[PDB]
Amino acid sequence: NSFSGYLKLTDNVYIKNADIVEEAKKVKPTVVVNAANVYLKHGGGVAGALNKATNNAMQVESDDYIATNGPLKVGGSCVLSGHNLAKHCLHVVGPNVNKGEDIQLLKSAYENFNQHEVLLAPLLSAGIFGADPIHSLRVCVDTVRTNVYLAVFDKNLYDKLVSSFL
Ligand SMILES: Nc1nc2ccc(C3=C(C(=O)O)CCC3)cc2s1
């Protein structure tokens with residue numbers, strides 16, 4: 001299957017009201033982005049959901065990556081297997097502003113997307129990380145230069161995001 005049902009916000013950013021787990025299972029994109037933490041512990045939010053959809057194969061692989069390479073930096077990323085969701089998973093660490101991490105690092109986090117021509121992604125630093133989701137979409141639009149398909153689960157949030165752009 002291919003991406004379908006997205007609204008084009010800019011020349012390279014698309015958005016859909018969808019559960020990113022269901023989009024990944026259907027489309028099996030070349031790259032799905034995980035909203036990760038520095039130790040790749042996929043406990044809640046989108047990370048917990050993507051890891052559960054791989055039946056914990058993502059966490060076992062992530063633990064081996066950490067033991068061999070050490071933790072990521074905030075604003076950094078690594079490429080691991082996408083398992084059943086994608087060819088690759090790009091694990092990207094946005095700042096956790098609820099813990100005093102600098103919001104400037106949200107631009108650095110999205111810059112990691114530019115190494116891939118097409119990605120399926122969530123909004124970074126939204127949810128448990130505490131950033132305003134409409135600010136996260138603005139940083140995405142201002143920073144990502146490649147084609148990004150953003151999936152937003154919550155209908156109320158999706159409608160707010162689309163209204164801020166159109
Ligand atoms: N299967 C899924 N579990 C989750 C968990 C969290 C989310 C989040 C957002 C949303 O797109 O609505 C914004 C903040 C967190 C999405 C999904 S899809």
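We count residues from 1, following the sequence as given. FYI, side chains are in, hydrogens and waters are out, and symmetry mates aren't considered; it's all heavy atoms of this structure. Atoms within a ligand are numbered from 1 in the order they appear, just like the ligands themselves.
A 6.0 Å sphere centred on CD of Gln115 holds no more than 12 heavy atoms belonging to other residues, nucleotides or ligands. No more than 12 heavy-atom neighbours from other residues, nucleotides or ligands sit within 6.0 angstrom of OH on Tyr39.
For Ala49, the side-chain contact (heavy atoms from CB on, under 4.5 Å) test picks out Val21, with sequence neighbours left out.
Of all protein heavy atoms, the one closest to atom 2 (C) of ligand 1 is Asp19 OD1, 3.5 Å. Atom 5 (C) of ligand 1 has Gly45 C, 3.6 Å as its closest protein atom, hydrogens excluded (heavy atom only). Looking from atom 7 (C) of ligand 1 to the surrounding protein, the closest heavy atom is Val46 CG2, 3.8 Å. The nearest heavy-atom contact from the protein to atom 13 (C) of ligand 1 is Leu157 CD2, 4.1 Å. Among all non-hydrogen protein atoms, the one lying nearest atom 3 (N) of ligand 1 is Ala49 CB, 3.4 Å. Annotation: atom 12 (O) of ligand 1 to nearest protein heavy atom, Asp154 N, 3.0 Å.
Panel note: side chain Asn112, backbone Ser108; a donor-acceptor pair is recorded below 3.5 Å.
A donor atom on one side chain and an acceptor atom on the other are not found under 3.5 Å apart for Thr30 and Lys87.
Counting protein heavy atoms under 4.0 angstrom from atom 9 (C) of ligand 1 gives zero.
The ligand atoms of ligand 1 that sit less than 4.0 angstrom from a heavy atom of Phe153 are 10 (C), 11 (O), 12 (O), 16 (C), 18 (S). Atoms of ligand 1 lying under 4.0 Å from at least one heavy atom of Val152, given by number and element, are 11 (O). Near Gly127, meaning under 4.0 Å from any of its heavy atoms, are these atoms of ligand 1: 14 (C).
A distance of 11.5 Å separates CG of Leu105 from CG of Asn96, quoted to the nearest 0.5 Å.
Between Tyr6 and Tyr14, the ring-plane angle classifies as perpendicular under the 30° and 60° cut-offs.
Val33 is listed as a side-chain neighbour of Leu124, based on a closest heavy-atom distance under 4.5 Å.
Here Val21 has side-chain heavy atoms under 4.0 Å from ligand 1, and that is the only part of it that gets that close.
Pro122 does not count as a contact of ligand 1, since none of its heavy atoms falls under 4.0 Å from the ligand.
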